[PDB]
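This report refers to the structure that appears directly beneath it.
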Amino acid sequence: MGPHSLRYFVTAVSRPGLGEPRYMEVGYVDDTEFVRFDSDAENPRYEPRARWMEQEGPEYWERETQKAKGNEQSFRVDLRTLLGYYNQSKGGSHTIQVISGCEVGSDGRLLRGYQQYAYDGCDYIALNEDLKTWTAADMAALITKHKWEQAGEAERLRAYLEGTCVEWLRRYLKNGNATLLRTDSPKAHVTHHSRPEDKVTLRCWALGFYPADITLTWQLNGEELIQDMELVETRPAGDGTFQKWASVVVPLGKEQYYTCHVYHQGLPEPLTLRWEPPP
Amino acid sequence: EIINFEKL
Amino acid sequence: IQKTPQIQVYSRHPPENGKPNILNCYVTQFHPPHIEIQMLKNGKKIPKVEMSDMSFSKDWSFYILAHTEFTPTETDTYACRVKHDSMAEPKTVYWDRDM
C-alpha cells in the first residue's frame with residue numbers, strides 16, 4: 001500500500017544509585033505506535049494495542065516480553081561497556097538509543113533497513129545502506145565495529161531485515177492497514193490580529209489533521225511569500241490529531257490580497273482561504 | 001517484532 | 001552532548017471564554033531524557049498535569065506532551081515551565097491565545 005515501515009525505538013538510561021537502568025522498546029507501524037515495553041514496572045510486559053493483541057494471541061506476547069527482558073539485561077551490560085570505552089565515571093547517567101526496523105515498497109520487497117545506535121544522544125554506529133558494512137562515529141564505536149565485523153553481525157541483521165521484519169510488515173497489511181483509515185483532513189481558518197501602526201497579522205490555521213505532514217503557504221497575488229512568514233512546528237492536539245499555523249504581516253486594508261494555501265494528503269485538493277471579516 | 005540485540 | 005528543549009503552549013481547541021478546553025505544553029529537542037515540566041496558572045503550579053509517555057525522534061532528541069484541563073477566561077494567565085540540565089535556569093513560556 002505504497003511504502004510502509006516497521007520501526008522499533010529503543011531507550012536504555014542508567015541512573016546509578018537511583019535504581020536499575022530504565023529500558024523501553026516502542027514499536028511503530030507507519031509512525032503509529034502499536035506496542036510498548038517499559039521496564040519501569042514490578043512485572044513488566046509487552047503491551048500491544050488491542051488489534052495486535054488477540055490478533056496474535058497471549059503466547060506470542062509472552063515470548064516477546066521474555067525477549068524484551070533479555071534485551072533489557074543485554075543493554076544493562078552495554079551501558080557498563082561504554083563507560084569503559086569512553087573512560088567515563090561510574091556515577092553519571094547515560095543513554096543508549098536504537099532505531100531498528102525495515103521499510104517495504106508496494107511490491108512487499110525490502111526498501112530500507114534500519115539499525116542505528118546513539119550514545120548520550122550522538123550517533124554511535126549504524127548499519128550502512130548496503131546492509132553489509134558499518135559506519136562507526138568515533139573511536140569507541142570502532143571497538144564495537146571490529147567486534148561485530150568478526151561475529152558477522154551485519155549478516156545477522158540482513159536475515160532479520162529480509163526475513164522476520166519484512167514478513168511482519170506484510171502480515172500487518174493485508175489484515176489491517178489503518179493509517180489511511182486514520183487519515184484526517186485539516187480544517188482551516190484565517191484569524192486577524194492587530195500589529196502596531198498600519199500593519200496587521202493574518203494567521204492561517206490548520207487543525208485536526210493526521211498524519212502530521214502538511215504544508216501551509218501564504219500568497220500575495222500569486223507567488224509564495226518565501227520570507228516574512230512566521231510559523232510553528234507542527235504540534236499534536238493530544239487527541240491524535242495535529243495543528244499548525246503560518247502567519248504574515250500585511251498592510252491594513254490589503255488583507256483581501258492575500259491567500260492561504262493548505263496542502264495535506266487527506267485533501268481532495270489544496271485548500272485555499274482568505275481572511276473573512278464579519279458584516 | 002523487534003530483533004535480539006547483540007553486545008556493543 | 002546536551003540539547004536544549006523547545007516549548008510550545010497552546011490549547012487543544014480554539015479557546016473561547018467559559019468553554020472547557022485542554023492546555024498543552026509540548027516539549028521537544030531535548031537530551032538527556034530527564035526533564036521536569038510544570039504548568040502554572042496565574043503564577044502558581046497547577047497540581048493536576050497529565051504527561052504522555054516519552055518518545056524520541058530520528059535525531060535522537062526526546063519529546064513529550066504535558067497537558068491539563070482548563071476553561072479559559074479573558075484574564076487568566078497560563079505558562080509552562082521546564083527545568084532541564086541543558087539550561088542554567090528553568091525556561092518559562094506563556095500561553096498566548098492567538099498562537
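Following the order of the C-alpha cells, chains are lettered A, B, ..., residues in each are numbered from 1, and ligands are numbered from 1.
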
### Query
Using only C-alpha atoms, which residues sit within 12 Å of residue C:67 once same-chain residues fewer than 2 positions away are excluded, as a ChimeraX atom specification?
/A:236-239 /C:8-12,21-27,37-40,46-52,64-65,69-70,78-80

### Message
Give me, as a list in words, the residues of stretch 93-270 of chain A that a backbone DSSP run labels alpha helix (DSSP H).
### Response
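Filtering stretch 93-270 of chain A to alpha helix (DSSP H) leaves residues 139, 140, 141, 142, 143, 144, 145, 146, 147, 148, 149, 150, 151, 153, 154, 155, 156, 157, 158, 159, 160, 166, 167, 168, 169, 170, 171 and 172 of chain A.
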
Expected file: the selected residues, N, CA, C and O atoms, as an mmCIF file, in the first residue's frame:
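The resulting file, again.cif, is shown below:
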data_model
loop_
_atom_site.group_PDB
_atom_site.id
_atom_site.type_symbol
_atom_site.label_atom_id
_atom_site.label_comp_id
_atom_site.auth_asym_id
_atom_site.auth_seq_id
_atom_site.Cartn_x
_atom_site.Cartn_y
_atom_site.Cartn_z
ATOM 1 N N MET A 139 36.059 6.611 18.025
ATOM 2 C CA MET A 139 36.976 5.542 18.408
ATOM 3 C C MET A 139 36.318 4.451 19.238
ATOM 4 O O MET A 139 36.673 3.279 19.105
ATOM 5 N N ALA A 140 35.383 4.827 20.113
ATOM 6 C CA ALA A 140 34.694 3.831 20.931
ATOM 7 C C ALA A 140 33.878 2.884 20.066
ATOM 8 O O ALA A 140 33.926 1.673 20.255
ATOM 9 N N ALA A 141 33.127 3.440 19.121
ATOM 10 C CA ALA A 141 32.323 2.636 18.196
ATOM 11 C C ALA A 141 33.152 1.772 17.251
ATOM 12 O O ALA A 141 32.635 0.811 16.693
ATOM 13 N N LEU A 142 34.423 2.112 17.052
ATOM 14 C CA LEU A 142 35.303 1.254 16.257
ATOM 15 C C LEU A 142 35.535 -0.062 16.974
ATOM 16 O O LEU A 142 35.761 -1.093 16.349
ATOM 17 N N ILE A 143 35.481 -0.031 18.299
ATOM 18 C CA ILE A 143 35.642 -1.261 19.047
ATOM 19 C C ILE A 143 34.422 -2.142 18.827
ATOM 20 O O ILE A 143 34.539 -3.360 18.657
ATOM 21 N N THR A 144 33.244 -1.531 18.813
ATOM 22 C CA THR A 144 32.036 -2.297 18.562
ATOM 23 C C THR A 144 32.038 -2.781 17.114
ATOM 24 O O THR A 144 31.587 -3.891 16.811
ATOM 25 N N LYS A 145 32.572 -1.944 16.228
ATOM 26 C CA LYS A 145 32.613 -2.268 14.809
ATOM 27 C C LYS A 145 33.434 -3.526 14.580
ATOM 28 O O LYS A 145 32.945 -4.494 14.007
ATOM 29 N N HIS A 146 34.683 -3.518 15.045
ATOM 30 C CA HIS A 146 35.555 -4.672 14.850
ATOM 31 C C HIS A 146 34.906 -5.943 15.375
ATOM 32 O O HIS A 146 34.933 -6.991 14.725
ATOM 33 N N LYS A 147 34.312 -5.841 16.557
ATOM 34 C CA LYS A 147 33.695 -6.989 17.203
ATOM 35 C C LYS A 147 32.526 -7.560 16.376
ATOM 36 O O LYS A 147 32.436 -8.765 16.174
ATOM 37 N N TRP A 148 31.652 -6.692 15.873
ATOM 38 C CA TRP A 148 30.549 -7.128 15.032
ATOM 39 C C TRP A 148 31.022 -7.623 13.664
ATOM 40 O O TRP A 148 30.458 -8.553 13.107
ATOM 41 N N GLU A 149 32.043 -6.984 13.113
ATOM 42 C CA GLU A 149 32.599 -7.436 11.845
ATOM 43 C C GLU A 149 33.059 -8.880 11.967
ATOM 44 O O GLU A 149 32.928 -9.655 11.028
ATOM 45 N N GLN A 150 33.593 -9.233 13.136
ATOM 46 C CA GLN A 150 34.109 -10.575 13.379
ATOM 47 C C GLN A 150 32.984 -11.592 13.514
ATOM 48 O O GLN A 150 33.034 -12.663 12.914
ATOM 49 N N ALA A 151 31.973 -11.249 14.303
ATOM 50 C CA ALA A 151 30.842 -12.141 14.533
ATOM 51 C C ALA A 151 29.850 -12.165 13.370
ATOM 52 O O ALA A 151 28.839 -12.862 13.437
ATOM 53 N N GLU A 153 27.844 -9.614 12.381
ATOM 54 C CA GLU A 153 26.596 -9.011 12.864
ATOM 55 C C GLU A 153 25.745 -8.478 11.710
ATOM 56 O O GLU A 153 24.522 -8.639 11.706
ATOM 57 N N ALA A 154 26.395 -7.865 10.723
ATOM 58 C CA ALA A 154 25.692 -7.351 9.546
ATOM 59 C C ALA A 154 24.850 -8.414 8.840
ATOM 60 O O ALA A 154 23.726 -8.140 8.408
ATOM 61 N N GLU A 155 25.392 -9.622 8.714
ATOM 62 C CA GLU A 155 24.662 -10.696 8.061
ATOM 63 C C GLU A 155 23.517 -11.147 8.957
ATOM 64 O O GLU A 155 22.460 -11.571 8.478
ATOM 65 N N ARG A 156 23.730 -11.062 10.262
ATOM 66 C CA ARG A 156 22.679 -11.421 11.206
ATOM 67 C C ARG A 156 21.514 -10.456 11.029
ATOM 68 O O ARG A 156 20.350 -10.843 11.127
ATOM 69 N N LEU A 157 21.823 -9.193 10.762
ATOM 70 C CA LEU A 157 20.759 -8.203 10.595
ATOM 71 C C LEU A 157 20.030 -8.281 9.261
ATOM 72 O O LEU A 157 18.817 -8.104 9.207
ATOM 73 N N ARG A 158 20.758 -8.560 8.186
ATOM 74 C CA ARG A 158 20.098 -8.779 6.906
ATOM 75 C C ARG A 158 19.026 -9.873 7.031
ATOM 76 O O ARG A 158 17.902 -9.703 6.566
ATOM 77 N N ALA A 159 19.359 -10.986 7.676
ATOM 78 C CA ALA A 159 18.382 -12.063 7.826
ATOM 79 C C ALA A 159 17.124 -11.577 8.538
ATOM 80 O O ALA A 159 16.010 -11.813 8.074
ATOM 81 N N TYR A 160 17.295 -10.900 9.670
ATOM 82 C CA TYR A 160 16.148 -10.316 10.348
ATOM 83 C C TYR A 160 15.404 -9.346 9.428
ATOM 84 O O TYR A 160 14.178 -9.404 9.303
ATOM 85 N N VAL A 166 10.465 -7.805 7.475
ATOM 86 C CA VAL A 166 9.655 -7.692 6.262
ATOM 87 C C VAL A 166 8.359 -8.513 6.322
ATOM 88 O O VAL A 166 7.300 -8.045 5.918
ATOM 89 N N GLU A 167 8.435 -9.719 6.864
ATOM 90 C CA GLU A 167 7.260 -10.577 6.923
ATOM 91 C C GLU A 167 6.200 -10.066 7.891
ATOM 92 O O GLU A 167 5.003 -10.156 7.614
ATOM 93 N N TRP A 168 6.638 -9.535 9.030
ATOM 94 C CA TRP A 168 5.717 -8.932 9.975
ATOM 95 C C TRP A 168 4.969 -7.835 9.236
ATOM 96 O O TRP A 168 3.746 -7.705 9.333
ATOM 97 N N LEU A 169 5.720 -7.050 8.478
ATOM 98 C CA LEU A 169 5.162 -5.888 7.813
ATOM 99 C C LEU A 169 4.126 -6.301 6.770
ATOM 100 O O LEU A 169 3.062 -5.689 6.675
ATOM 101 N N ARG A 170 4.436 -7.339 5.997
ATOM 102 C CA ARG A 170 3.495 -7.877 5.022
ATOM 103 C C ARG A 170 2.257 -8.429 5.709
ATOM 104 O O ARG A 170 1.171 -8.423 5.136
ATOM 105 N N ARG A 171 2.419 -8.927 6.930
ATOM 106 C CA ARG A 171 1.296 -9.531 7.632
ATOM 107 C C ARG A 171 0.320 -8.457 8.091
ATOM 108 O O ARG A 171 -0.884 -8.568 7.860
ATOM 109 N N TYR A 172 0.850 -7.417 8.730
ATOM 110 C CA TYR A 172 0.049 -6.274 9.181
ATOM 111 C C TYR A 172 -0.971 -5.832 8.131
ATOM 112 O O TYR A 172 -2.172 -5.828 8.389
#

### Message
Need the shell around residue A:272: protein/DNA/RNA residues with any atom at most 12 Å away, counting only C-alpha atoms. Skip same-chain ones fewer than 5 positions apart. Format as a ChimeraX atom specification?
### Response
/A:186-190,204-206,216-219,222,258-264,267

Atoms kept (N, CA and C atoms) for selection, written as a compact mmCIF listing (two decimals), in the first residue's frame:
# COMPACT_ATOMS: atom_id res chain seq x y z
N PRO A 186 -7.17 18.44 7.25
CA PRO A 186 -7.17 19.62 8.11
C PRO A 186 -8.46 20.40 7.92
N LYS A 187 -8.92 21.03 8.99
CA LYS A 187 -9.91 22.08 8.85
C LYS A 187 -9.15 23.39 9.06
N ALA A 188 -9.26 24.31 8.11
CA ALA A 188 -8.52 25.55 8.16
C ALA A 188 -9.41 26.79 8.33
N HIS A 189 -8.82 27.85 8.88
CA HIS A 189 -9.46 29.16 9.01
C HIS A 189 -8.37 30.21 9.18
N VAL A 190 -8.68 31.45 8.83
CA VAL A 190 -7.73 32.53 9.00
C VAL A 190 -8.19 33.44 10.13
N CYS A 204 -3.02 31.81 9.35
CA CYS A 204 -3.70 30.67 8.76
C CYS A 204 -3.49 29.42 9.60
N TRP A 205 -4.60 28.83 10.04
CA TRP A 205 -4.57 27.69 10.96
C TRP A 205 -5.01 26.43 10.26
N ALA A 206 -4.28 25.35 10.48
CA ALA A 206 -4.73 24.01 10.11
C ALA A 206 -4.90 23.15 11.36
N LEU A 216 1.68 24.75 4.77
CA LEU A 216 0.87 25.96 4.78
C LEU A 216 1.66 27.01 4.02
N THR A 217 1.00 27.76 3.15
CA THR A 217 1.67 28.87 2.47
C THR A 217 0.77 30.10 2.39
N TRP A 218 1.39 31.26 2.28
CA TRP A 218 0.67 32.50 2.03
C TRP A 218 1.11 33.04 0.68
N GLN A 219 0.14 33.48 -0.10
CA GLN A 219 0.46 34.03 -1.40
C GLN A 219 -0.06 35.45 -1.49
N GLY A 222 -0.60 35.55 -6.23
CA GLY A 222 0.27 34.55 -6.82
C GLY A 222 1.73 34.83 -6.52
N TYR A 258 -4.32 38.64 -0.01
CA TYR A 258 -3.50 37.51 0.44
C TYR A 258 -4.33 36.24 0.53
N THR A 259 -3.72 35.14 0.15
CA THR A 259 -4.40 33.85 0.16
C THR A 259 -3.57 32.81 0.90
N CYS A 260 -4.24 32.02 1.73
CA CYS A 260 -3.55 30.92 2.39
C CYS A 260 -3.82 29.61 1.68
N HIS A 261 -2.78 28.81 1.54
CA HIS A 261 -2.87 27.53 0.86
C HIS A 261 -2.48 26.39 1.80
N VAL A 262 -3.31 25.36 1.83
CA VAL A 262 -3.07 24.24 2.72
C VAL A 262 -3.01 22.91 1.95
N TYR A 263 -1.86 22.25 2.03
CA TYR A 263 -1.62 21.00 1.29
C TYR A 263 -1.50 19.83 2.27
N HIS A 264 -2.43 18.89 2.18
CA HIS A 264 -2.38 17.71 3.05
C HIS A 264 -2.90 16.49 2.29
N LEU A 267 -6.55 15.71 1.68
CA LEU A 267 -7.42 16.63 0.94
C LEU A 267 -7.65 16.21 -0.52

### Query
Which distance in Å separates atom CA of residue C:95 and atom CA of residue A:209, to one decimal?
22.0 Å

### Message
Can you pull out the residues contacting residue B:1? Cut-off 9 Å, using only C-alpha atoms, and skip same-chain residues under 5 positions away; I want them as a VMD selection string.
### Response
chain A and resid 6 8 27 64 101 164 to 165 168

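The space separating atom CA of residue A:161 from atom CA of residue A:130 comes to 12.2 Å.
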
### Contact residues around residue A:93 with only C-alpha atoms at 10 Å, ignoring same-chain residues under 5 positions, as a list in words
residues 13, 14, 15, 16, 17, 18, 21, 79 and 120 of chain A; 32 and 34 of chain C

Kindly export the residues of the current selection with N, CA, C and O atoms, as an mmCIF file, in the first residue's frame.
data_model
loop_
_atom_site.group_PDB
_atom_site.id
_atom_site.type_symbol
_atom_site.label_atom_id
_atom_site.label_comp_id
_atom_site.auth_asym_id
_atom_site.auth_seq_id
_atom_site.Cartn_x
_atom_site.Cartn_y
_atom_site.Cartn_z
ATOM 1 N N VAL A 13 18.500 3.900 29.773
ATOM 2 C CA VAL A 13 19.010 5.045 30.519
ATOM 3 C C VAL A 13 19.467 4.665 31.923
ATOM 4 O O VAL A 13 18.653 4.299 32.763
ATOM 5 N N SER A 14 20.765 4.758 32.191
ATOM 6 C CA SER A 14 21.236 4.421 33.523
ATOM 7 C C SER A 14 20.945 5.563 34.504
ATOM 8 O O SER A 14 20.786 6.712 34.120
ATOM 9 N N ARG A 15 20.855 5.217 35.778
ATOM 10 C CA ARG A 15 20.601 6.202 36.812
ATOM 11 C C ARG A 15 21.242 5.643 38.060
ATOM 12 O O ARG A 15 20.555 5.131 38.932
ATOM 13 N N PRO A 16 22.580 5.709 38.131
ATOM 14 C CA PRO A 16 23.304 4.990 39.179
ATOM 15 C C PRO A 16 22.885 5.477 40.559
ATOM 16 O O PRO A 16 22.683 6.677 40.747
ATOM 17 N N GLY A 17 22.736 4.541 41.492
ATOM 18 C CA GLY A 17 22.304 4.849 42.839
ATOM 19 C C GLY A 17 20.803 5.008 42.983
ATOM 20 O O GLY A 17 20.270 4.877 44.082
ATOM 21 N N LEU A 18 20.113 5.288 41.882
ATOM 22 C CA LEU A 18 18.672 5.544 41.932
ATOM 23 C C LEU A 18 17.823 4.419 41.321
ATOM 24 O O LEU A 18 16.641 4.608 41.037
ATOM 25 N N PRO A 21 18.791 0.503 35.323
ATOM 26 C CA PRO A 21 18.520 1.307 34.127
ATOM 27 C C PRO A 21 17.069 1.198 33.687
ATOM 28 O O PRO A 21 16.413 0.163 33.891
ATOM 29 N N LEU A 79 25.730 -0.433 28.706
ATOM 30 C CA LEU A 79 25.961 0.807 29.442
ATOM 31 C C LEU A 79 27.259 0.753 30.249
ATOM 32 O O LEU A 79 28.038 1.704 30.229
ATOM 33 N N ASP A 120 24.550 8.766 24.531
ATOM 34 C CA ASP A 120 24.304 10.114 25.048
ATOM 35 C C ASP A 120 23.818 11.083 23.960
ATOM 36 O O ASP A 120 24.223 12.239 23.912
ATOM 37 N N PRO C 32 19.728 15.117 27.817
ATOM 38 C CA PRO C 32 19.188 13.791 28.147
ATOM 39 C C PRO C 32 17.683 13.786 28.424
ATOM 40 O O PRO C 32 17.054 14.844 28.461
ATOM 41 N N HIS C 34 15.885 13.040 31.066
ATOM 42 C CA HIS C 34 15.327 13.574 32.298
ATOM 43 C C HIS C 34 14.921 15.036 32.130
ATOM 44 O O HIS C 34 15.739 15.883 31.758
#

#### Entry: Interface residues on chain A facing chain C, 9 Å, only C-alpha atoms, written as a PyMOL selection string
chain A and resi 9+11+13+26+93-95+97-99+118+120-123+191+193+203+207+232-233+235-239+243+245

### Query
In terms of the shortest atom-to-atom distance over only C-alpha atoms, which of A:215, A:43, A:234, A:100 is closest to residue B:3?
A:100

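Compared by their closest atoms to residue C:97, and using only C-alpha atoms, the residues C:17, C:68, C:28, C:42 rank with C:17 nearest.
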
### Message
Quick check, in Å to one decimal: how far apart do atom CA of residue C:36 and atom CA of residue C:90 lie?
### Response
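Separating atom CA of residue C:36 from atom CA of residue C:90 is a distance of 9.1 Å.
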